[PDB]
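File shown: upload.csv (CSV, C-alpha atoms).
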chain,number,residue,atom,x,y,z
F,1,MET,CA,0.0,0.0,0.0
F,2,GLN,CA,1.1,3.6,-0.7
F,3,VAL,CA,1.3,6.1,2.1
F,4,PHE,CA,1.7,9.9,2.3
F,5,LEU,CA,4.6,11.5,4.2
F,6,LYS,CA,4.5,15.1,5.4
F,7,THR,CA,7.6,17.2,6.0
F,8,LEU,CA,8.3,20.3,8.1
F,9,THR,CA,7.6,22.4,5.0
F,10,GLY,CA,4.2,20.8,4.2
F,11,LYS,CA,5.2,18.6,1.2
F,12,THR,CA,3.2,15.4,0.5
F,13,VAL,CA,5.2,12.4,-0.8
F,14,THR,CA,3.9,9.0,-2.0
F,15,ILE,CA,6.0,6.2,-0.6
F,16,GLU,CA,5.3,2.4,-0.9
F,17,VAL,CA,5.2,0.4,2.3
F,18,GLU,CA,3.7,-2.8,3.7
F,19,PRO,CA,2.1,-3.8,7.0
F,20,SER,CA,5.0,-6.2,7.5
F,21,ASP,CA,7.4,-3.3,7.2
F,22,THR,CA,9.4,-2.2,10.3
F,23,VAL,CA,9.6,1.4,11.5
F,24,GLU,CA,13.4,1.2,10.9
F,25,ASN,CA,12.9,0.3,7.2
F,26,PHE,CA,10.4,3.2,7.0
F,27,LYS,CA,13.0,5.7,8.2
F,28,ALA,CA,15.4,4.2,5.6
F,29,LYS,CA,13.0,5.1,2.8
F,30,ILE,CA,12.7,8.7,4.1
F,31,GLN,CA,16.5,9.0,4.3
F,32,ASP,CA,16.8,8.1,0.6
F,33,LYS,CA,14.3,10.9,-0.1
F,34,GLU,CA,15.3,13.5,2.5
F,35,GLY,CA,18.8,12.3,3.3
F,36,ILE,CA,18.4,12.5,7.0
F,37,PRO,CA,19.8,9.9,9.4
F,38,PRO,CA,17.2,8.0,11.4
F,39,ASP,CA,18.8,9.5,14.5
F,40,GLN,CA,17.2,12.8,13.5
F,41,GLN,CA,13.9,11.2,12.2
F,42,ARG,CA,10.7,11.2,14.2
F,43,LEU,CA,7.5,9.5,13.0
F,44,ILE,CA,4.3,10.4,14.9
F,45,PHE,CA,1.2,8.4,14.0
F,46,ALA,CA,-2.1,9.2,15.8
F,47,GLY,CA,-0.2,10.9,18.6
F,48,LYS,CA,1.9,7.8,19.2
F,49,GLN,CA,5.6,7.9,18.2
F,50,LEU,CA,6.5,5.0,16.0
F,51,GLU,CA,9.4,3.0,17.4
F,52,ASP,CA,12.3,1.5,15.5
F,53,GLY,CA,11.4,-1.8,17.1
F,54,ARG,CA,7.7,-1.9,16.0
F,55,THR,CA,6.1,-2.2,12.6
F,56,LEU,CA,3.2,-0.6,10.6
F,57,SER,CA,0.8,-3.4,11.4
F,58,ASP,CA,1.6,-3.0,15.0
F,59,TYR,CA,-0.2,0.3,15.0
F,60,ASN,CA,-3.0,-1.1,12.8
F,61,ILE,CA,-1.8,1.1,9.9
F,62,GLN,CA,-3.7,0.8,6.6
F,63,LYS,CA,-3.4,2.2,3.0
F,64,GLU,CA,-3.8,5.9,2.2
F,65,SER,CA,-2.4,6.5,5.7
F,66,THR,CA,-0.4,9.7,6.4
F,67,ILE,CA,2.5,10.1,8.7
F,68,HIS,CA,4.3,13.2,10.0
F,69,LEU,CA,8.1,13.3,10.1
F,70,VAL,CA,10.1,15.4,12.6
F,71,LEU,CA,13.8,16.3,13.2
F,72,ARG,CA,13.6,16.2,17.0
F,73,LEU,CA,15.3,19.2,18.5
F,74,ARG,CA,13.6,19.7,21.9
F,75,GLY,CA,11.0,21.8,20.2
F,76,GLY,CA,7.5,22.7,21.5
Turn this file's structure into structure tokens for me.
Amino acid sequence: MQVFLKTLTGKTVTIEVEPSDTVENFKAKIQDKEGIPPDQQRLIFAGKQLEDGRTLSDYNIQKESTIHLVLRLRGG
């Protein structure tokens, strides 16, 4: 299934992922697009912060789902 990723600028990207995919792999796809190390990547879905140890299916993620990416710099 294809998902939409949002950046800090408000850009919508179409990436291909699967329920059997692990958060880690996800961050890898973003890196190849944004070029930012997972150490500075932060995915927040439905308020919850996806962990590099869990997967998409873990959070009952479906197709057409959108996720927000963050840099993580003690902001807020």
query = Pick from F:27, F:65, F:32, F:70: nearest to residue 53 of chain F, with only C-alpha atoms counted?
reply = F:27
request  = Identify which of the residues F:55, F:7, F:12, F:22 lies closest to residue 42 of chain F, counting all atoms listed in the file when measuring atom-to-atom distances.
outcome  =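 Between F:55, F:7, F:12, F:22, the residue approaching residue 42 of chain F most closely is F:7.
The closest residue to residue 3 of chain F, picked from F:41, F:31, F:20, F:62 and counting only C-alpha atoms, is F:62.
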Residue 64 of chain F environment, 9 Å, all atoms listed in the file, sequence neighbours closer than 3 positions dropped, as a PyMOL selection string = chain F and resi 1-4
inquiry  = Just to confirm, what's the straight-line distance from atom CA of residue 8 of chain F to atom CA of residue 69 of chain F in Å (one decimal)?
reply    =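 For atom CA of residue 8 of chain F relative to atom CA of residue 69 of chain F, the distance reads 7.3 Å.
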task = Have a look at atom CA of residue 50 of chain F and atom CA of residue 66 of chain F and let me know their distance in Å, one decimal.
result =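 Value for the atom CA of residue 50 of chain F-atom CA of residue 66 of chain F distance: 12.7 Å.
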task = Please provide the set of residues having any atom within 7 Å of residue 21 of chain F, restricted to all atoms listed in the file, with same-chain residues fewer than 4 positions apart removed, written as a list in words.
result =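 Counting all atoms listed in the file, the residues come to residues 17, 25, 55 and 56 of chain F.
Among the candidates F:24, F:54, F:59, F:9, the residue lying nearest to residue 71 of chain F is F:9 (atoms considered: all atoms listed in the file).
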query = What does the distance between atom CA of residue 29 of chain F and atom CA of residue 15 of chain F come to in Å, to one decimal place?
reply =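 Between atom CA of residue 29 of chain F and atom CA of residue 15 of chain F the gap works out to 7.9 Å.
Minimum atom-to-atom distances from F:52, F:44, F:38, F:5 to residue 23 of chain F were compared using all atoms listed in the file, and the lowest value belongs to F:52.
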key: Using all atoms listed in the file: which of F:13, F:58, F:74, F:6 has the shortest distance to residue 40 of chain F   = F:74
